[PDB]
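Next come the chains, spelled out residue by residue.
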Amino acid sequence: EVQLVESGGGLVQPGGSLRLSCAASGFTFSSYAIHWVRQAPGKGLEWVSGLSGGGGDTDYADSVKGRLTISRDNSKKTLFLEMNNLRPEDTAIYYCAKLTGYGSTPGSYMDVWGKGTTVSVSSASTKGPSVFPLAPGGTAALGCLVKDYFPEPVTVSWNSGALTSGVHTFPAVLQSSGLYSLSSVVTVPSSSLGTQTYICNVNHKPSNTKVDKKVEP
Amino acid sequence: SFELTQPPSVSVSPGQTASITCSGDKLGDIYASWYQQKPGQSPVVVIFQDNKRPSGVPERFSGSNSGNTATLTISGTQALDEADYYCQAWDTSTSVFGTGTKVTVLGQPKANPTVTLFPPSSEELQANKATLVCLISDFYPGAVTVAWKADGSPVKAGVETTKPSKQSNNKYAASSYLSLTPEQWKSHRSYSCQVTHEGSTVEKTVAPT
């Protein structure tokens, strides 16, 4: 019954603003300090801000001091985080966590956490990929480069679902540009090349993009 | 910000003792906490006030804060103890997390990566672009470094490398992409994707033809 639920995450342009909230259940919200902890994809935990049970004492990390404002309405059992002039570096999952005391005391810890809410700060816009054919004993590696697309995700099939066992579709990279690039490879007989036809089927539903790319050596 | 330094990675065999350290000048004067984060999940406290366990935490987890160094010990480490572990300390009212340690509980023999490197497609070259695609698969444990070379000279620009991700077979995969101009591509003898794992390096090379 004791839970924190974060809301308000989304995609935002750099320089934009976002308001995050955190709904508490199962305990007396006012009796406890609540903090925000963020984590950028693939990176470490980073403390963002904290607030006393009454809301009087507010504390902010150096990285966010001016741009962020933490507050709480105890009547609504909700915490808030106002984020302005968002930077790409603010891209992270934002977690709210409940301290074991009313304030940030010596040996206090975060006993309860929420599942978190995702913030993406990107200047990128919806864009379908450019699909390129990747070509070179008993086996041959053939591939499809799905380039410069936004946002996630993309689905890749081979020969319309006929080939799957020897197929490896790699997770996307997020480039500096804010665009994603993904690659799928299939293992096939080297003898069959020039006889057999290998087609990757790329679907990017966000852009309504379907591309069937024939891969030849 | 006082900085809490942790070793980035620890390997432990099932049943063995895993020692995770956390160092910093203001540590030891202050109390240390330890948070466990399993993949896809929120962090969970396992140790607080240097050596206390929250009621639900198993006894095999324990802590010590000698001098400038705090240590989390996991006795009889289980496969489910595999997680990122972070120390935390309170500087006045500022909370600081440590850099983090990846604890791998060895479930599997070591496996070096299969590396496949593809040159630029002719269609891409026709569009006045050039991407080298280096795909890394079936490596365990799940840590690699990628380096690109032009004619054996390091190339740091135009590189976008993913972080390793766990495959369904519990091995890991990763990708690296090198952006070049058609002109750059055609003006060098060779390009190489060099992947280092557990002290072994694999190199694949492609050339303009």
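Caption draft 1: Here's a closer look at the domain arrangement of chain B. Assigned domains of chain B: these are domain 1 (9-105) and domain 2 (114-206). On a C-alpha basis, the centres of domain 1 of chain B and domain 2 of chain B stand 35 Å from each other.

Caption draft 2: The pairing of strand β9 (residues 101-105) of chain B, seen in detail. Residue and element names in this part refer to chain B. Burial analysis of β9 places four of its five residues in the buried class, the great majority of the element. Pairing between strand β1 (residues 9-12) and β9: four bridges, direction parallel. Bridge pairing links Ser-11 to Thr-104 in β9. One ladder, built from three bridges, connects strand β7 (residues 83-91) with β9; its direction is antiparallel. Bridging across to β9, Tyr-85 finds its partner in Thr-101.

Caption draft 3: Fine view of the interface of chain A and chain B. Chain A puts 45 residues into the contact, and the matching count from chain B is 38 residues. Considering each element in turn, the side of chain A that touches chain B owes the most residues, five residues, to strand β13 (residues 139-149) of chain A. When its residues are assigned to classes, the side of chain A that touches chain B shows 24 nonpolar, 14 polar and seven charged.

Caption draft 4: Inspection of the side chain of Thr-209 of chain A at higher detail. Residue and element names in this part refer to chain A. Within the secondary structure, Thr-209 is located in strand β19 (residues 209-215). At a separation of 2.6 Å, a polar atom in the side chain of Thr-209 contacts the side chain of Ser-207. For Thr-209, the residues in contact, after removing those within four places along its chain, are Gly-128, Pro-129, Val-202, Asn-203 and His-204.

Caption draft 5: Up close: the state of the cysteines. Applying the stated criterion across every chain yields a total of four disulfides over all chains. Paired by a disulfide, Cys-144 of chain A and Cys-200 of chain A hold their sulfur atoms 2.0 Å apart. Given an S-S torsion of about -85°, the disulfide between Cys-144 of chain A and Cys-200 of chain A has left-handed geometry. Taken together, the residues span a long stretch of sequence, with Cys-144 of chain A in strand β13 and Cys-200 of chain A in strand β18 (residues 198-204) at a distance of 56 residues. Judged by its relative accessible area of 0%, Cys-144 of chain A falls in the buried class. Bridging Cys-22 of chain B to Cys-87 of chain B, the disulfide has an S-S length of 2.1 Å. A torsion of 65° about the S-S bond marks the disulfide between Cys-22 of chain B and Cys-87 of chain B as right-handed. Pair noted here: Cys-22 of chain B is in strand β2 (residues 18-23) and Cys-87 of chain B is in strand β7, with a separation of 65 residues, a long-range link. Take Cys-22 of chain B: its relative accessible area is 1%, and that puts it in the buried class. By relative accessible area, which is 0% here, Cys-87 of chain B ends up buried. Numbered by order of appearance in the sequence, the disulfide-linked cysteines of chain B pair as 1-2, 3-4.

Caption draft 6: Molecular detail of the pairing of strand β8 (residues 78-83) of chain A. Residue and element names in this part refer to chain A. With five of six residues buried, β8 is to be regarded as a mostly interior element. For strand β3 (residues 18-25) and β8, the ladder comprises six bridges, and the chain directions are antiparallel. By the bridge assignment for β8, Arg-19 is matched with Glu-82. Pairing geometry for strand β7 (residues 68-73) and β8, over six bridges, is antiparallel. For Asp-73, the partnering residue across the bridge sits in β8 and is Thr-78.

Cut-offs used in this document
- Residues numbered from 1 in each chain as written, not as in the entry; some residues may be left out.
- Chains lettered and ligands numbered in written order.
- Heavy atoms only, no water.
- Residues with missing side-chain atoms left out of burial classes, pairs and counts.
- Domains from an automatic or database assignment.
- Buried < 20%, exposed > 50% of the residue type's maximum accessible area, 1.4 Å probe, protein only.
- Helix = DSSP H or I, 4+ residues; strand = E, 2+ residues; numbered from the N terminus.
- Pairing = 2+ DSSP bridges.
- Contact = heavy atoms within 4.5 Å.
- Nonpolar A, V, L, I, M, F, W, Y, C, P; charged D, E, K, R; others polar.
- Polar contact = N/O pair within 3.5 Å; in protein donor to acceptor, adjacent residues only side chain to side chain.
- Disulfide = S-S within 2.5 Å.

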